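S.K.: Need coordinates for the below:
(one chain, ligands or ions: 2)
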Amino acid sequence: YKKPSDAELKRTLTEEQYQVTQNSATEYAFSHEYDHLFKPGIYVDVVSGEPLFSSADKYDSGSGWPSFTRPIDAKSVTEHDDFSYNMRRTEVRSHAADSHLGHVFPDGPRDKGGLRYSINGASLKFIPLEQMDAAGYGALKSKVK
Ligand SMILES: CNC(=O)[C@H](CC[S@@](C)=O)NC(C)=O
Ligand SMILES: CNC(=O)[C@H](CC[S@@](C)=O)NC(C)=O
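M.R.: Residues are numbered from 1 along each chain as shown. Ligands and ions are numbered 1, 2, ... in the order given. The coordinates are given below.
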């Protein structure tokens, strides 16, 4: 409920950020750095800068995309069913900017809830633990492992 026009996004995002978040174009498995990033911090929507994921919940599923057991809060994302490409899938988008993020699957680690949020790295901006104050995310420094 807080998204710019596509033309504004076209001039402010990279081609990969644009195609993934605005056209739901899945990045190639293993292609984004965030697939192999495991440092403390938060992952935010590239469009709104709203907090989406904590480093605490990030894990390697071996899929080739950033994987998380949960969003930072259920409120941060919007999920819906998708029956395209002949599949039953649940798409995940950010709440405020409504960016396409990826999909959620019921094959995540059971000790952490059983869900795998499979997210394009291109849909995210990583904010390191240390920069979280300077960038306005002080109050979430404690969701971070
Ligand atoms: C290759 N990755 C896995 O098998 C991951 C690792 C889980 S975490 C909690 O370290 N497990 C699953 C179910 O994807
Ligand atoms: C079973 N895997 C898929 O359907 C994945 C979705 C990954 S998340 C990042 O949307 N898509 C492809 C094209 O392999």
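S.K.: thought residue 35 was touching residue 64?
M.R.: Yes. At 6.0 Å, residue 35 counts as touching residue 64 under the criterion of C-beta atoms under 8 Å. Using the backbone N, CA and C atoms, a C-beta is placed for each residue, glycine as well.
S.K.: For whatever residue of the chain ends up closest to ligand 2, give the beta-bridge partners.
M.R.: Here the residue of the chain nearest ligand 2 is residue 102; by C-beta to the nearest ligand atom that distance is 3.4 Å. With DSSP bridges applied, residue 102 shows beta-bridge pairing to residue 92, residue 119.
S.K.: In the protein, which residue sits furthest out from the middle?
M.R.: Farthest-out residue of the chain from its mean C-alpha position, per C-alpha atoms, centre = their mean: residue 86, at 23.9 Å.
S.K.: how close does that residue get to residue 14?
M.R.: Relative to residue 14, residue 86 is positioned 31 Å away (C-beta to C-beta, to the nearest Å).
S.K.: what does the chain have sitting close to ligand 2?
M.R.: Applying C-beta under 6 Å from any ligand atom, we find that the chain lies next to ligand 2 at 26, 65, 102-103, 118-120.
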